[PDB]
Amino acid sequence: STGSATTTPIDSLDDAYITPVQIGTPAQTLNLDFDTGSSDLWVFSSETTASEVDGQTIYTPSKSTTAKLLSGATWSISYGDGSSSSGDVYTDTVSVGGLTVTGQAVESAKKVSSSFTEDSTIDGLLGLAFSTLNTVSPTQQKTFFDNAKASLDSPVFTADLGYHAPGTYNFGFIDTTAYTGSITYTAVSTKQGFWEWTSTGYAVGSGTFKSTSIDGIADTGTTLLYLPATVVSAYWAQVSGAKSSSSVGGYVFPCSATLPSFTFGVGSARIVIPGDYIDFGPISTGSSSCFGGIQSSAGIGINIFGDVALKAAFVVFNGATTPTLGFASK
């Protein structure tokens with residue numbers, strides 16, 4: 001089997017992407033944030049504290065003839081941005097772009113933090129990291145990909161995120177028309193439960209490539225590119241007027257600037273992030289100070305290849321017995 005679904009930016013900055021997901025019988029379609037940095041599929045629901053729902057589409061398990069309470073199971077998660085959610089668990093039928101999993105754990109939110117409430121466009125998350133990170137207790141549950149894997153034509157999914165435009169998540173096949181040149185594959189460590197890999201270096205604009213190992217995670221659920229302070233300083237030093245602002249919470253730059261590209265290494269290959277991808281617009285409405293899309297990972301404890309990086313590539317998440325990651329230009 002295979003699946004193919006379009007993923008759409010939630011706003012004009014590409015702050016996140018949503019992908020329609022069919023849950024239950026008859027189908028209830030929710031727009032979920034596919035997140036290769038976590039491993040819970042959770043949804044706004046009829047069980048969510050009413051004051052914490054503001055415009056989201058909810059899953060109502062009592063209206064699904066295939067929903068079954070997973071007795072005793074609870075979940076609770078906190079994300080790297082400080083947001084959180086928790087609740088109980090159902091199993092139900094879940095389909096993504098034509099690919100169907102029966103018995104998928106669907107984590108129903110009873111509580112969500114303000115960040116989720118305030119984002120009307122995201123109805124929940126669909127985790128695509130390794131199932132070892134799944135928070136369901138006392139019986140850990142598998143991700144959608146893990147459940148689908150054996151049935152897939154090939155045990156892979158691909159992320160093809162658009163810049164200011166829709167893109168695609170494919171399951172079970174590699175669309176050879178979706179990228180240019182060849183795909184370069186690189187080793188993955190699953191020890192922390194992430195799609196963790198080592199970039200071979202970077203360049204700033206037309207500058208020379210610096211060969212240096214950068215350990216990081218491929219994370220579709222993180223907006224920006226978080227890299228070591230040395231790397232990030234080298235980038236923003238090429239932008240007149242750019243500075244790190246403690247009050248704003250990162251590097252800002254004059255909105256009048258033209259940003260240089262940023263290149264990262266995948267083995268001997270190179271992925272180029274155009275400068276425009278690194279512009280996240282005014283820090284506040286009407287400001288001439290703009291927020292940068294490359295930020296320091298210092299104090300996160302891990303480097304994160306988020307959407308800013310991944311949207312410059314066609315990315316293969318290879319879930320074979322020994323997982324790997326592939327990157328192609330597009």
# chains A, B, ... in the order shown; residues from 1 in each chain; ligands from 1
$ residues_around --residues "region 280-290 of chain A" --least-positions-apart "6" --cutoff "6 Å" --atoms "only C-alpha atoms" --output "count of residues only"
5
$ select_by_dssp --residues "region 165-194 of chain A" --states "strand (DSSP E or B)" --output "NGL selection string"
:A and (167-171 or 184-187 or 189)
$ write_last_selection --atoms "C-alpha atoms" --output "short mmCIF file (atom, residue, chain, number, x, y, z; two decimals), in the first residue's frame"
data_model
loop_
_atom_site.label_atom_id
_atom_site.label_comp_id
_atom_site.auth_asym_id
_atom_site.auth_seq_id
_atom_site.Cartn_x
_atom_site.Cartn_y
_atom_site.Cartn_z
CA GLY A 167 3.73 20.29 -0.39
CA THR A 168 3.38 16.57 0.06
CA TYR A 169 3.76 13.72 2.53
CA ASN A 170 4.07 10.33 0.84
CA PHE A 171 3.97 6.94 2.54
CA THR A 184 22.00 11.27 -0.63
CA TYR A 185 21.43 8.97 2.30
CA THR A 186 23.03 9.43 5.68
CA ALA A 187 23.12 7.40 8.91
CA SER A 189 20.87 7.23 15.39
#
$ residues_around --residues "region 47-57 of chain A" --least-positions-apart "5" --cutoff "10 Å" --atoms "only C-alpha atoms" --output "list in words"
residues 28, 29, 30, 31, 85, 86, 87, 88, 108, 109, 110, 111, 112, 113, 114, 115, 116, 117, 118, 119, 120, 121, 122, 123 and 124 of chain A
$ write_last_selection --atoms "N, CA and C atoms" --output "PDB file, in the first residue's frame"
ATOM      1  N   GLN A  28     -14.056  11.387  10.260  1.00  0.00           N
ATOM      2  CA  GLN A  28     -13.958  12.750  10.778  1.00  0.00           C
ATOM      3  C   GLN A  28     -12.611  13.282  10.330  1.00  0.00           C
ATOM      4  N   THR A  29     -12.605  14.318   9.501  1.00  0.00           N
ATOM      5  CA  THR A  29     -11.362  14.856   8.977  1.00  0.00           C
ATOM      6  C   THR A  29     -10.850  15.979   9.860  1.00  0.00           C
ATOM      7  N   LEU A  30      -9.639  15.770  10.378  1.00  0.00           N
ATOM      8  CA  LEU A  30      -8.943  16.747  11.195  1.00  0.00           C
ATOM      9  C   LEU A  30      -7.637  17.124  10.487  1.00  0.00           C
ATOM     10  N   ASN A  31      -7.237  18.375  10.639  1.00  0.00           N
ATOM     11  CA  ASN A  31      -5.991  18.873  10.077  1.00  0.00           C
ATOM     12  C   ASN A  31      -4.889  18.812  11.110  1.00  0.00           C
ATOM     13  N   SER A  85      -0.025  18.998  26.326  1.00  0.00           N
ATOM     14  CA  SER A  85      -1.381  18.489  26.209  1.00  0.00           C
ATOM     15  C   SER A  85      -1.434  17.127  26.879  1.00  0.00           C
ATOM     16  N   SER A  86      -2.640  16.683  27.226  1.00  0.00           N
ATOM     17  CA  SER A  86      -2.814  15.422  27.926  1.00  0.00           C
ATOM     18  C   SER A  86      -4.252  14.937  27.797  1.00  0.00           C
ATOM     19  N   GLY A  87      -4.459  13.646  28.029  1.00  0.00           N
ATOM     20  CA  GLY A  87      -5.797  13.095  27.984  1.00  0.00           C
ATOM     21  C   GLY A  87      -5.833  11.591  28.077  1.00  0.00           C
ATOM     22  N   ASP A  88      -6.850  11.003  27.452  1.00  0.00           N
ATOM     23  CA  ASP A  88      -6.988   9.554  27.411  1.00  0.00           C
ATOM     24  C   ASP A  88      -6.892   9.066  25.963  1.00  0.00           C
ATOM     25  N   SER A 108      -6.828  11.404  22.804  1.00  0.00           N
ATOM     26  CA  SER A 108      -7.857  12.421  22.895  1.00  0.00           C
ATOM     27  C   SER A 108      -7.492  13.418  23.976  1.00  0.00           C
ATOM     28  N   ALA A 109      -7.373  14.687  23.613  1.00  0.00           N
ATOM     29  CA  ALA A 109      -6.981  15.697  24.585  1.00  0.00           C
ATOM     30  C   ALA A 109      -8.110  16.061  25.546  1.00  0.00           C
ATOM     31  N   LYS A 110      -7.822  15.993  26.844  1.00  0.00           N
ATOM     32  CA  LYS A 110      -8.681  16.590  27.851  1.00  0.00           C
ATOM     33  C   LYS A 110      -8.187  17.995  28.183  1.00  0.00           C
ATOM     34  N   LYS A 111      -6.875  18.196  28.106  1.00  0.00           N
ATOM     35  CA  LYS A 111      -6.270  19.493  28.381  1.00  0.00           C
ATOM     36  C   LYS A 111      -5.254  19.821  27.301  1.00  0.00           C
ATOM     37  N   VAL A 112      -5.187  21.092  26.918  1.00  0.00           N
ATOM     38  CA  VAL A 112      -4.157  21.584  26.002  1.00  0.00           C
ATOM     39  C   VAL A 112      -3.670  22.925  26.538  1.00  0.00           C
ATOM     40  N   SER A 113      -2.418  23.284  26.263  1.00  0.00           N
ATOM     41  CA  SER A 113      -1.908  24.568  26.742  1.00  0.00           C
ATOM     42  C   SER A 113      -2.360  25.686  25.816  1.00  0.00           C
ATOM     43  N   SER A 114      -2.196  26.914  26.293  1.00  0.00           N
ATOM     44  CA  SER A 114      -2.705  28.103  25.615  1.00  0.00           C
ATOM     45  C   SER A 114      -2.236  28.197  24.166  1.00  0.00           C
ATOM     46  N   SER A 115      -0.986  27.809  23.919  1.00  0.00           N
ATOM     47  CA  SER A 115      -0.414  27.853  22.575  1.00  0.00           C
ATOM     48  C   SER A 115      -1.261  27.080  21.557  1.00  0.00           C
ATOM     49  N   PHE A 116      -1.804  25.946  21.980  1.00  0.00           N
ATOM     50  CA  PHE A 116      -2.591  25.109  21.084  1.00  0.00           C
ATOM     51  C   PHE A 116      -3.980  25.718  20.918  1.00  0.00           C
ATOM     52  N   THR A 117      -4.567  26.145  22.023  1.00  0.00           N
ATOM     53  CA  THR A 117      -5.864  26.815  21.981  1.00  0.00           C
ATOM     54  C   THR A 117      -5.851  28.001  21.023  1.00  0.00           C
ATOM     55  N   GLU A 118      -4.771  28.770  21.064  1.00  0.00           N
ATOM     56  CA  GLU A 118      -4.664  30.006  20.306  1.00  0.00           C
ATOM     57  C   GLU A 118      -4.416  29.772  18.823  1.00  0.00           C
ATOM     58  N   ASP A 119      -4.042  28.552  18.459  1.00  0.00           N
ATOM     59  CA  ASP A 119      -3.838  28.231  17.058  1.00  0.00           C
ATOM     60  C   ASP A 119      -5.012  27.456  16.478  1.00  0.00           C
ATOM     61  N   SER A 120      -5.912  28.188  15.838  1.00  0.00           N
ATOM     62  CA  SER A 120      -7.186  27.639  15.397  1.00  0.00           C
ATOM     63  C   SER A 120      -7.014  26.667  14.250  1.00  0.00           C
ATOM     64  N   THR A 121      -5.866  26.704  13.582  1.00  0.00           N
ATOM     65  CA  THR A 121      -5.669  25.941  12.347  1.00  0.00           C
ATOM     66  C   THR A 121      -5.150  24.531  12.579  1.00  0.00           C
ATOM     67  N   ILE A 122      -4.674  24.242  13.792  1.00  0.00           N
ATOM     68  CA  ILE A 122      -4.091  22.936  14.095  1.00  0.00           C
ATOM     69  C   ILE A 122      -4.994  22.144  15.042  1.00  0.00           C
ATOM     70  N   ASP A 123      -5.487  21.014  14.546  1.00  0.00           N
ATOM     71  CA  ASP A 123      -6.470  20.202  15.257  1.00  0.00           C
ATOM     72  C   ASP A 123      -5.814  19.097  16.075  1.00  0.00           C
ATOM     73  N   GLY A 124      -4.499  19.005  15.973  1.00  0.00           N
ATOM     74  CA  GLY A 124      -3.746  18.003  16.704  1.00  0.00           C
ATOM     75  C   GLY A 124      -2.423  17.719  16.017  1.00  0.00           C
TER      76      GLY A 124
END
$ atom_distance --atom1 "CA of residue 275 (chain A)" --atom2 "CA of residue 293 (chain A)"
9.4 Å
$ residues_around --residues "residue 258 (chain A)" --least-positions-apart "3" --cutoff "12 Å" --atoms "only C-alpha atoms" --output "list in words"
residues 205, 236, 238, 239, 240, 241, 242, 253, 254, 255, 261, 274, 275, 276, 277, 278, 279, 290 and 292 of chain A
$ closest_residue --among "A:21, A:302, A:159, A:125" --to "residue 215 (chain A)" --atoms "only C-alpha atoms"
A:302
$ residues_around --residues "residue 304 (chain A)" --least-positions-apart "2" --cutoff "8 Å" --atoms "only C-alpha atoms" --output "VMD selection string"
chain A and resid 216 to 219 222 224 to 227 297 302 306
$ write_last_selection --atoms "N, CA, C and O atoms" --output "compact mmCIF listing (two decimals), in the first residue's frame"
# COMPACT_ATOMS: atom_id res chain seq x y z
N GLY A 216 22.23 16.57 14.63
CA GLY A 216 20.94 17.21 14.78
C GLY A 216 19.79 16.31 14.40
O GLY A 216 20.02 15.22 13.90
N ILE A 217 18.56 16.79 14.59
CA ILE A 217 17.39 16.00 14.26
C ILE A 217 16.61 16.62 13.11
O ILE A 217 16.50 17.84 13.00
N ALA A 218 16.06 15.75 12.28
CA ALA A 218 15.18 16.17 11.20
C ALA A 218 13.80 16.26 11.79
O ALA A 218 13.21 15.24 12.12
N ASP A 219 13.31 17.49 11.98
CA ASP A 219 12.07 17.72 12.73
C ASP A 219 11.07 18.62 11.99
O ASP A 219 11.15 19.86 12.02
N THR A 222 9.18 21.48 14.00
CA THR A 222 9.86 22.70 14.45
C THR A 222 9.96 23.64 13.26
O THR A 222 10.32 23.22 12.18
N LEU A 224 11.86 26.53 12.74
CA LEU A 224 13.13 27.13 12.37
C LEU A 224 14.29 26.16 12.37
O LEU A 224 14.16 24.97 12.71
N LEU A 225 15.45 26.67 11.97
CA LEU A 225 16.70 25.91 11.94
C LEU A 225 17.55 26.33 13.13
O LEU A 225 17.96 27.49 13.22
N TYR A 226 17.80 25.40 14.05
CA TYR A 226 18.54 25.68 15.28
C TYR A 226 19.89 25.01 15.23
O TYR A 226 19.95 23.77 15.15
N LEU A 227 20.95 25.80 15.26
CA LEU A 227 22.31 25.29 15.06
C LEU A 227 23.27 25.86 16.11
O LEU A 227 22.90 26.76 16.85
N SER A 297 20.92 26.93 18.86
CA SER A 297 20.48 25.79 19.66
C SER A 297 21.04 25.76 21.07
O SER A 297 20.76 24.82 21.81
N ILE A 302 20.12 20.27 21.74
CA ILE A 302 20.19 19.51 20.50
C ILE A 302 20.05 20.48 19.32
O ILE A 302 19.36 21.50 19.42
N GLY A 306 14.77 21.99 11.42
CA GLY A 306 13.34 22.19 11.29
C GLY A 306 12.92 22.60 9.89
O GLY A 306 13.68 22.45 8.92
$ closest_residue --among "A:152, A:298, A:58, A:273" --to "residue 310 (chain A)" --atoms "only C-alpha atoms"
A:273
$ select_by_dssp --residues "region 107-294 of chain A" --states "alpha helix (DSSP H)" --output "list in words"
residues 114, 115, 116, 117, 144, 145, 146, 147, 148, 229, 230, 231, 232, 233, 234, 235 and 236 of chain A
$ residues_around --residues "residue 229 (chain A)" --least-positions-apart "4" --cutoff "12 Å" --atoms "only C-alpha atoms" --output "mmCIF file with N, CA and C atoms, in the first residue's frame"
data_model
loop_
_atom_site.group_PDB
_atom_site.id
_atom_site.type_symbol
_atom_site.label_atom_id
_atom_site.label_comp_id
_atom_site.auth_asym_id
_atom_site.auth_seq_id
_atom_site.Cartn_x
_atom_site.Cartn_y
_atom_site.Cartn_z
ATOM 1 N N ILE A 214 27.887 18.270 12.448
ATOM 2 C CA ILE A 214 26.801 18.883 13.210
ATOM 3 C C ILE A 214 25.703 17.843 13.450
ATOM 4 N N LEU A 225 15.445 26.672 11.974
ATOM 5 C CA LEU A 225 16.700 25.913 11.939
ATOM 6 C C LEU A 225 17.552 26.327 13.131
ATOM 7 N N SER A 233 26.222 32.619 14.547
ATOM 8 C CA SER A 233 26.920 33.887 14.547
ATOM 9 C C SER A 233 27.567 34.156 13.184
ATOM 10 N N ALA A 234 28.199 33.139 12.611
ATOM 11 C CA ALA A 234 28.823 33.301 11.293
ATOM 12 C C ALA A 234 27.799 33.688 10.225
ATOM 13 N N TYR A 235 26.596 33.134 10.304
ATOM 14 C CA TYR A 235 25.561 33.482 9.339
ATOM 15 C C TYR A 235 25.153 34.944 9.505
ATOM 16 N N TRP A 236 24.748 35.320 10.712
ATOM 17 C CA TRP A 236 24.142 36.634 10.886
ATOM 18 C C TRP A 236 25.178 37.768 10.780
ATOM 19 N N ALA A 237 26.458 37.448 10.947
ATOM 20 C CA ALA A 237 27.528 38.421 10.706
ATOM 21 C C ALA A 237 27.562 38.885 9.257
ATOM 22 N N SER A 244 21.664 39.607 17.978
ATOM 23 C CA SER A 244 20.905 38.761 18.882
ATOM 24 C C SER A 244 20.270 39.631 19.947
ATOM 25 N N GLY A 250 16.056 36.003 20.222
ATOM 26 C CA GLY A 250 16.867 35.459 19.154
ATOM 27 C C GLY A 250 17.404 36.533 18.231
ATOM 28 N N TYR A 251 17.997 36.089 17.141
ATOM 29 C CA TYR A 251 18.512 36.986 16.126
ATOM 30 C C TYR A 251 17.380 37.678 15.383
ATOM 31 N N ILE A 294 17.181 31.251 11.256
ATOM 32 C CA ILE A 294 18.295 30.484 11.775
ATOM 33 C C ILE A 294 18.589 31.044 13.155
ATOM 34 N N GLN A 295 18.570 30.176 14.151
ATOM 35 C CA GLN A 295 18.715 30.581 15.542
ATOM 36 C C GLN A 295 19.649 29.623 16.263
ATOM 37 N N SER A 296 20.192 30.073 17.385
ATOM 38 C CA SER A 296 21.073 29.249 18.186
ATOM 39 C C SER A 296 20.329 28.121 18.901
ATOM 40 N N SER A 297 20.924 26.925 18.860
ATOM 41 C CA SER A 297 20.476 25.788 19.659
ATOM 42 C C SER A 297 21.039 25.756 21.070
ATOM 43 N N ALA A 298 21.836 26.748 21.454
ATOM 44 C CA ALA A 298 22.462 26.724 22.768
ATOM 45 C C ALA A 298 21.357 26.745 23.819
ATOM 46 N N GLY A 299 21.423 25.833 24.767
ATOM 47 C CA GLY A 299 20.355 25.728 25.739
ATOM 48 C C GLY A 299 19.128 24.927 25.317
ATOM 49 N N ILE A 300 19.055 24.481 24.060
ATOM 50 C CA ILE A 300 18.053 23.469 23.670
ATOM 51 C C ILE A 300 18.611 22.098 23.980
ATOM 52 N N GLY A 301 19.923 21.959 23.834
ATOM 53 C CA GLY A 301 20.578 20.693 24.087
ATOM 54 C C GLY A 301 20.682 19.815 22.854
ATOM 55 N N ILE A 302 20.117 20.268 21.737
ATOM 56 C CA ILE A 302 20.191 19.513 20.497
ATOM 57 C C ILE A 302 20.053 20.480 19.316
ATOM 58 N N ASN A 303 20.716 20.175 18.201
ATOM 59 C CA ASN A 303 20.511 20.955 16.992
ATOM 60 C C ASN A 303 19.273 20.435 16.284
#
$ atom_distance --atom1 "CA of residue 308 (chain A)" --atom2 "CA of residue 6 (chain A)"
18.2 Å
$ atom_distance --atom1 "CA of residue 60 (chain A)" --atom2 "CA of residue 126 (chain A)"
17.1 Å
$ closest_residue --among "A:72, A:33, A:181, A:22" --to "residue 59 (chain A)" --atoms "only C-alpha atoms"
A:22
$ residues_around --residues "residue 91 (chain A)" --least-positions-apart "4" --cutoff "6 Å" --atoms "only C-alpha atoms" --output "ChimeraX atom specification"
/A:67-68,103-106
$ closest_atom_pairs --of "region 276-323 of chain A" --to "region 190-200 of chain A" --cutoff "12 Å" --atoms "only C-alpha atoms" --output "CSV"
residue,atom,partner,partner_atom,distance
A:302,CA,A:196,CA,9.7
A:303,CA,A:196,CA,9.4
A:304,CA,A:196,CA,9.1
A:305,CA,A:196,CA,9.6
A:306,CA,A:195,CA,11.6
A:309,CA,A:199,CA,11.7
A:315,CA,A:195,CA,11.4
A:316,CA,A:195,CA,10.7
A:317,CA,A:195,CA,7.9
A:318,CA,A:195,CA,9.6
A:319,CA,A:195,CA,9.9
A:321,CA,A:190,CA,11.2
A:322,CA,A:190,CA,9.3
A:323,CA,A:190,CA,8.0
$ write_last_selection --atoms "N, CA, C and O atoms" --output "tab-separated table (two decimals), in the first residue's frame"
chain	number	residue	atom	x	y	z
A	302	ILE	N	20.12	20.27	21.74
A	302	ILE	CA	20.19	19.51	20.50
A	302	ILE	C	20.05	20.48	19.32
A	302	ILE	O	19.36	21.50	19.42
A	303	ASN	N	20.72	20.18	18.20
A	303	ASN	CA	20.51	20.95	16.99
A	303	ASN	C	19.27	20.44	16.28
A	303	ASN	O	19.00	19.22	16.30
A	304	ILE	N	18.51	21.34	15.68
A	304	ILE	CA	17.25	20.95	15.06
A	304	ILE	C	17.17	21.47	13.63
A	304	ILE	O	17.12	22.68	13.38
A	305	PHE	N	17.20	20.53	12.69
A	305	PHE	CA	16.88	20.80	11.29
A	305	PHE	C	15.35	20.83	11.12
A	305	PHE	O	14.71	19.85	10.76
A	306	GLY	N	14.77	21.99	11.42
A	306	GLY	CA	13.34	22.19	11.29
A	306	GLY	C	12.92	22.60	9.89
A	306	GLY	O	13.68	22.45	8.92
A	309	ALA	N	15.06	24.32	7.09
A	309	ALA	CA	16.02	23.46	6.41
A	309	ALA	C	15.30	22.43	5.54
A	309	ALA	O	15.62	22.26	4.37
A	315	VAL	N	12.93	15.01	1.42
A	315	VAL	CA	13.51	14.29	2.54
A	315	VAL	C	12.86	12.92	2.67
A	315	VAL	O	11.64	12.80	2.76
A	316	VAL	N	13.70	11.90	2.67
A	316	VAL	CA	13.28	10.51	2.83
A	316	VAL	C	13.55	10.04	4.24
A	316	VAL	O	14.70	10.04	4.70
A	317	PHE	N	12.48	9.62	4.91
A	317	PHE	CA	12.57	9.01	6.22
A	317	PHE	C	12.47	7.51	6.00
A	317	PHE	O	11.38	6.96	5.83
A	318	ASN	N	13.63	6.85	5.99
A	318	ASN	CA	13.71	5.43	5.68
A	318	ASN	C	13.65	4.59	6.95
A	318	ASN	O	14.61	4.57	7.72
A	319	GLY	N	12.53	3.90	7.13
A	319	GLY	CA	12.25	3.12	8.32
A	319	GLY	C	12.55	1.64	8.17
A	319	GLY	O	11.93	0.78	8.80
A	321	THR	N	14.99	-1.73	8.70
A	321	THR	CA	15.49	-2.25	9.97
A	321	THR	C	16.61	-1.39	10.55
A	321	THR	O	16.65	-1.16	11.76
A	322	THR	N	17.51	-0.94	9.68
A	322	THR	CA	18.46	0.11	10.04
A	322	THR	C	18.00	1.42	9.39
A	322	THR	O	18.17	1.62	8.18
A	323	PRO	N	17.36	2.31	10.16
A	323	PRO	CA	16.85	3.53	9.54
A	323	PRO	C	17.94	4.44	8.99
A	323	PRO	O	19.06	4.48	9.53
$ closest_residue --among "A:2, A:8, A:74, A:64" --to "residue 100 (chain A)" --atoms "only C-alpha atoms"
A:2
